[PDB]
Amino acid sequence: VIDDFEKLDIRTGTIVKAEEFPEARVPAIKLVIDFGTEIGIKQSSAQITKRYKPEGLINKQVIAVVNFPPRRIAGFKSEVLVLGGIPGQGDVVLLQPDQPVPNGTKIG
Amino acid sequence: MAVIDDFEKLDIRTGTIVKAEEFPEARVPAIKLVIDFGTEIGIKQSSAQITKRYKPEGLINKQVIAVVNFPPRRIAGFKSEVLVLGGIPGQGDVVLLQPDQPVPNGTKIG
């Protein structure tokens with residue numbers, strides 16, 4: 003199962019913009035995330051409306067799989083899969099590092 | 001695509017550190033962890049290379065994130081049954097992942 007894990011590119015990023023996605027059928031927040039200079043500035047549509055509001059996400063470090071294939075949600079290109087614990091259906095508790103790390107830090 | 005299927009093979013969960021001990025005997029210094037992953041998975045052991053930033057007394061009751069279906073690895077006489085995840089910002093350095101809010105032990109990551 004090591005090689006399954008090593009194929010993934012799991013990285014830290016900081017949210018720099020967040021917006022409710024009212025055009026979407028399933029409630030979501032559009033995220034712009036700084037993954038540092040090399041991975042770059044990336045987008046994500048995240049179903050995190052239960053616990054979070056846009057203003058409270060700005061400047062938050064998050065953990066994402068950055069080598070997933072992208073997917074367009076009602077016009078919006080979602081490039082990165084932001085990870086969370088799922089305590090219940092439609093519930094997400096975002097993962098974070100327990101203290102600040104540089105954007106684009108590799109998870110292992 | 002293959003990357004999706006590889007991720008879907010992983011069983012990533014939250015658990016609480018209930019025991020912690022310094023592990024200087026390991027090839028790279030480590031801390032031995034005993035983690036409660038809830039009723040189904042139960043109690044699991046892990047060795048983590050986290051001596052730079054953490055001390056055992058400060059790890060007790062901490063929620064961590066681990067791949068629980070990682071096969072066991074054996075380090076200096078000690079059976080590490082799960083892979084505890086952290087950011088690796090530098091040589092020898094680890095920053096532990098955590099949920100940003102408390103969740104039940106065994107909560108699945110996705």
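So the protein lines, in turn, are chains B and A. Quick note on the authors' numbering: the first sequence kicks off at 3 and runs consecutively. Quick note on the authors' numbering: the second sequence kicks off at 1 and runs consecutively. Ideal placement from N, C-alpha and C gives every residue a C-beta, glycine not left out.
Under 8 Å between beta-carbons, which chain B residues line up against residue i? List them in chain order, please.
{"i": "A:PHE70", "result": "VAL3, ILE4, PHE7"}
{"i": "A:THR51", "result": "By Cβ distance, chain B contributes nothing, its closest Cβ being about 15 Å from A:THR51, past 8 Å."}
{"i": "A:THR107", "result": "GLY87, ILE88, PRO89, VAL95"}
Alpha carbons only, please: which of the options is nearest the one belonging to residue i?
{"i": "B:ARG27", "options": "B:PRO104, B:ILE75, B:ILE65", "result": "B:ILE75"}
{"i": "B:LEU97", "options": "B:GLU25, B:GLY110, B:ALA66", "result": "B:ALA66"}
{"i": "B:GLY90", "options": "B:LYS44, B:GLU40, B:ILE50", "result": "B:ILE50"}
{"i": "A:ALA30", "options": "A:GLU8, A:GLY110, A:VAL103, A:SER80", "result": "A:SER80"}
{"i": "A:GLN45", "options": "A:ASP11, A:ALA2, A:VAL68", "result": "A:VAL68"}
{"i": "A:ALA48", "options": "A:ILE88, A:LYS108, A:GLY110, A:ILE4", "result": "A:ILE88"}
{"i": "A:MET1", "options": "B:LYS108, B:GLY77, B:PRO72", "result": "B:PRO72"}
{"i": "A:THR39", "options": "A:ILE109, A:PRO104, A:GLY110", "result": "A:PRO104"}
{"i": "A:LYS108", "options": "B:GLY110, B:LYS108, B:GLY92, B:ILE109", "result": "B:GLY92"}
{"i": "B:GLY77", "options": "B:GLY42, B:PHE23, B:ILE43", "result": "B:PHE23"}
Determine which residues share a DSSP beta bridge with residue i and list them.
{"i": "B:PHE70", "result": "Paired residue(s): none; B:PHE70 is not in a bridge."}
{"i": "A:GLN45", "result": "A:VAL34"}
{"i": "A:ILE17", "result": "A:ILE35"}
{"i": "A:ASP93", "result": "A:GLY90"}
{"i": "A:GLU22", "result": "A:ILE31"}
{"i": "A:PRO102", "result": "Answer is none; A:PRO102 lacks a bridge partner."}
{"i": "A:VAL84", "result": "A:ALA66"}
{"i": "B:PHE78", "result": "B:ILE75"}
{"i": "A:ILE12", "result": "A:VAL67"}
{"i": "residue 1 of chain B", "result": "Examination of residue 1 of chain B is not possible in this model, given that chain B is present from 3 through 110 alone."}
What does residue i reach in chain A if we use C-beta pairs closer than 8 Å?
{"i": "B:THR14", "result": "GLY87"}
Who are the neighbours of residue i on chain A, taking C-beta pairs under 9 Å?
{"i": "B:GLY110", "result": "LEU83, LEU85, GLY86, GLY87, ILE88, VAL94"}
{"i": "B:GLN98", "result": "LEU97, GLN98, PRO99, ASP100"}
{"i": "B:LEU10", "result": "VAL3, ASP6, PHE7, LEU10"}
For a quick check, are the C-beta atoms of residue i and residue j less than 8 Å apart?
{"i": "A:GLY106", "j": "A:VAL95", "result": "no"}
{"i": "A:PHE7", "j": "B:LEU10", "result": "yes"}
{"i": "B:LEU83", "j": "B:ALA20", "result": "no"}
Closer than 7 Å by beta-carbon distance: list the chain B residues that pair up with residue i, in chain order.
{"i": "A:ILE65", "result": "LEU97"}
Residues of chain A with CB closer than 7 Å to the CB of residue i, please, in chain order.
{"i": "B:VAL103", "result": "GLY87, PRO89, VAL95"}
For the 8 Å Cβ check, are there 3 or more pairs between the segment 48-61 of chain B and the segment 98-109 of chain B?
no
Can you find at least 3 beta carbon pairs, one from the segment 35-42 of chain B and one from the segment 7-26 of chain B, that sit closer than 8 Å?
yes
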